[PDB]
């Protein structure tokens, strides 16, 4: 057992924030607001449930959801930090959605690209990168999460690169693709990529060279970044280090003459 092993009674689960096990907002050692991901026995394999905690032990970054502790004895628990604003998907679709603008939305994208550039230096792949897996706290802080499929190197189709959805080639540039889809989520405020298309139709058109057009009120200089994320050859895609640098200097180097619109 590791040093992440805490007593099974040191947690006081309270409010459930969504379930599938479930997700609870509770207490740790008396005073720590935490988020407790739990394994509700569906007789699910705990080695397949602690695999999400195995990767979360080696990844520490200010833009990643910080694991707090693990309970590896049935029933299984996973304790992480509590994000006060919930998932980014619900945030873009919630009441704050209509008020978000391009300066704030690009900032959230630079935080995601910062945390996605961290694990790019650690030689890991996330494999389920999407706004439904990004979590928001106060001050518009976005930490990527849901490492239940992340693993060290050696489907939700609409977010996956073709070579990963087709040939299982989940690499550092297969998530760069999902980042470009994440940029369409942020620019449309939570809308589903490829409107009106089913998973099979997306797989057919993406393999035929089809790419999503420019979101309304989105600058072509940002949709160009999405196309670079959606390049067929995985090595043509930009690094997350370039992605984080691009989005941090966006309104000085790329769009210095940005004027706000009704939506962006």
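By rigid core we mean the largest C-alpha set that fits within 1.5 Å across both forms. Positions refer to the first chain, counted from 1.
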Response to the item:
By Cα RMS to this form in 5 other deposited structures of this protein after fitting the core, the stretch ranking higher of 250-258 and 8-16 is 8-16
Worksheet item: Do you reckon 189-197 or 139-147 strays further from the shown form in 5 other deposited structures of this protein, measuring C-alpha RMS after a core fit?
Response: 139-147
Discussion item. Of the other PDB entries for this protein whose models extend past residue 155 on both sides, does at least a third leave it without coordinates?
Written reply: yes
Item to complete: Note how many residues of the deposited chain are left out of the model between residue 154 and residue 155; the options are none, 1 to 3, 4 to 9, and 10 or more.
Response: 10 or more
Worksheet, complete the sentence: Of the deposited residues between residue 20 and residue 21, the number without coordinates is 1 to 3
Response to the item:
Mean B factor on CA atoms, stretches 253-261 and 3-11, record says higher is 3-11
Fill in: 67-75 versus 80-88 - greater average Cα B-factor per the deposited record
67-75
Response to the item:
Comparing C-alpha B-factors across 199, 221, 54, 239 in this entry, the winner is 54
Discussion item. Using only the C-alpha B-factors in the record, can you name which of 227, 39, 214, 206 has the highest?
Written reply: 39
Discussion item. By the recorded C-alpha temperature factor, relative to the other modelled residues in its chain, which third is residue 170 in?
Written reply: middle
Item to complete: Would you mind ranking residue 139 by its C-alpha B-factor against the rest of the chain and naming the third, lowest, middle or highest?
Response: highest
Worksheet item: Which third of the chain holds residue 150 when residues are ordered by C-alpha B factor: lowest, middle or highest?
Response: highest
